[PDB]
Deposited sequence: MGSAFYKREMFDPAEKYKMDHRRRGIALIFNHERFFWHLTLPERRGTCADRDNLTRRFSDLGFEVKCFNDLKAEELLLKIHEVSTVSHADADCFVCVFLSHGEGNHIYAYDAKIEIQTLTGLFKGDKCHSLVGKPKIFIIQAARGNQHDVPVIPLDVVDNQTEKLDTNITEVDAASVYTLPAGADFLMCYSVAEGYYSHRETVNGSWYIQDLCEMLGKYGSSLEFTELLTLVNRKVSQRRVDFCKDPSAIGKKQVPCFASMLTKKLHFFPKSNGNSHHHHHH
């Protein structure tokens, strides 16, 4: 008895390599004054929450805080050019503000496609046919601060701004919010999306197919309301996340043997 090469409706990505793989986290809390972007209080909670959840899933987690665009590009290029032959997959998280096709580093915008492009095909051969998962918590920073240089739990509400695009074969692009909706971040507890993502990872990450888990996150986040007492006008500003999948098989994070 063996499996002939017949089309299998339940085929899974092989997750039995020596290592789960690397999870990069790019955490941005502050920005160069010329960008006129507001601070992102609560993002450190997001970063720490994600670090614990992904590490429990077997990932080697590397966090970088407030990198300049050049440092960011350099660092992610370094990861893309080493061998991932002994890894199951790759995860990259961006926690920042964004606009259109761009995510902000500390000092400048970076095009998402340039970031994901580094892991396409034979640019990164050892990840070909392996899941490449980008998680993006990035929206429009409320620009009611000045173009000059400069502990209550507040919920900040940001309009969706980042195009929720896919990235190539075996890429999964996960977005905190879709166009027409609003992203929420609590200044102490962190972002709604990341909080809910992390809760689901801890509870179900080790058995549930990952896109099914993401769907749970869609439901959880979309069901959140702000206590209407708090101002100003977050009433009716619903958040619905989304994911764009070009995965070709089922993705599980069963505990590694």
Could you sort out which parts of the deposited sequence are absent from the coordinates (no C-alpha) and give them as ranges from 1? 1-4, 155-165, 273-282
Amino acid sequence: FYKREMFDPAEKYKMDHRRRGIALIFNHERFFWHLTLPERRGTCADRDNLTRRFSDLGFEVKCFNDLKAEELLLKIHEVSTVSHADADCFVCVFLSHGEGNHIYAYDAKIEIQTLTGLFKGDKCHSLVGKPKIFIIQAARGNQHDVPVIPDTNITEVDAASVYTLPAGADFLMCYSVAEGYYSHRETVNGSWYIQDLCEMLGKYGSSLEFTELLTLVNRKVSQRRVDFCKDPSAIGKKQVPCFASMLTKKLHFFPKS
From here on, numbers count along this sequence of modelled residues.
Read off the CA B-factors in the entry, average them over 77-85 and over 136-144, and name the higher stretch. 136-144
Per the entry, higher mean C-alpha B factor between 181-189 and 162-170: 181-189
So if I compare the CA B-factors in the entry for 226, 217, 61, 194, which one is the largest? 226
For the C-alpha B-factor as written in the entry, point me to the maximum among 244, 23, 247, 234. 234
Could you tell me which third, lowest, middle or highest, the C-alpha B-factor of residue 27 occupies within its chain? middle
Place residue 176 in the lowest, middle or highest third of its chain's C-alpha B-factors, as listed in the PDB entry. lowest
What third of its chain's C-alpha B-factors does residue 210 belong to: lowest, middle or highest? lowest
Please place residue 39 in the lowest, middle or highest third of its chain according to the CA B-factor in the PDB entry. highest
Going by what the PDB entry lists, where does residue 67 fall on CA B-factor within its chain: lowest, middle or highest third? highest
